[PDB]
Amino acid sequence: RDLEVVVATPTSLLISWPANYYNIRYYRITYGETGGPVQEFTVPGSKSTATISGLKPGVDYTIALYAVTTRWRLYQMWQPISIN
C-alpha cells in the first residue's frame, strides 16, 4: 500500500511498502535511536516487507527504507516517524 508499519511489538516491528519486481536490486533498511549505534540491514528487491527486531522498548527510533536500482543507483523509499 504505502511505507508504514503493519504489526508493532515491544521488541520488533513489521514494515511494508509496495512491491517492485522490475527495477529494484535490493532494499536497505536503516534505523537508530532518535538523534542519539546506527544499524541497518538488507532485503532483496522481490520482497516488500521486512522484520526490524531486537529494539529497546519505550525508545524512539527513526526508520528509513533505501533502494538501489538496476542502473546501480541509490534512492530512499519515503521516510517514517517511529517513537514509543
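Residue numbers run from 1 along the displayed sequence.
Q: If I compare the deposited sequence with the modelled residues, how many are absent between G54 and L55: none, 1 to 3, 4 to 9, or 10 or more?
A: Gap size class: none, per the record.
Q: Going by the average Cα B-factor in the PDB entry, point out whether 9-17 or 66-74 comes out higher.
A: Mean B over CA atoms: larger for 9-17.
Q: Compare the mean C-alpha B-factor of 57-65 with that of 19-27 as given in the PDB entry, and name the stretch with the higher value.
A: Taking the mean C-alpha B-factor of 57-65 and of 19-27, the larger value falls to 57-65.
Q: Taking the values exactly as deposited, rank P44 by C-alpha B-factor within its chain and report the matching third: lowest, middle or highest.
A: Lowest third - that is where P44 ends up once the chain's C-alpha B-factors are sorted.
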